[PDB]
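Only one chain is included here, represented as structure tokens and corresponding to the form deposited without this ligand.
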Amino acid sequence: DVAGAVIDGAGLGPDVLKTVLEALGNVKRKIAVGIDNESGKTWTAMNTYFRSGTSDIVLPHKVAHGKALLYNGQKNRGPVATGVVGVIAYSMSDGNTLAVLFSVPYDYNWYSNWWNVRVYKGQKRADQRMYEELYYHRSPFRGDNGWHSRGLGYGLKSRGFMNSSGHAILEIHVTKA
């Protein structure tokens, strides 16, 4: 389906994210993000912080257990040599915050793709400080075309994958610990 939609969790995988990427057209740097909620909690959109880039998509609002959300972002339009870098936050029904970092650089001569996922205690807005934590201090994962698992605390764990290209895909599955 499309960026901004909530879909059946079983429909998330690389091919729907390739479709989301294609729908953005041939911009230099862009990302399709899919997150499968198998957490046993409903998620409610909080906000998205863009360090670089933009999205025309509203974060999918309410994401029940058994659903996945689809989202996208792209570099700022025009003659700016920048990528797409930001943090998505969702509130979970337990009162905590699920946060997801993505970082897709302009210049692959020197930079590469990164991502991260964390649960924050309480209700925490995505912002520059959260970006800095997730990027510099909380052991982000490379977008290396491989899967990476990590415990999140709070009765949850993550398993996710990001490709290594400037037309990026980020696929994350949040499950019970």
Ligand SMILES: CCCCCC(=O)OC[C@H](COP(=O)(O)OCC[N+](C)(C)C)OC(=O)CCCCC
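Numbering starts at 1 and runs along the sequence shown.
Absent from the display: the form deposited with this ligand bound. The rest refers to it.
With a 4.5 Å cutoff on heavy atoms, residue 112 counts as touching this ligand in the deposited complex. Although the partner is absent here, residue 118 lies within 4.5 Å of this ligand in the deposited complex, judged by heavy atoms. Using a 4.5 Å cutoff between non-hydrogen atoms, residue 61 does not count as a contact of this ligand in the deposited complex. This ligand in the deposited complex is approached by residue 82, whose closest heavy atom lies within 4.5 angstroms of it.
Note on contacts: among 125, 138, 148, 65, the single residue with a heavy atom within 4.5 Å of this ligand in the deposited complex is 138.
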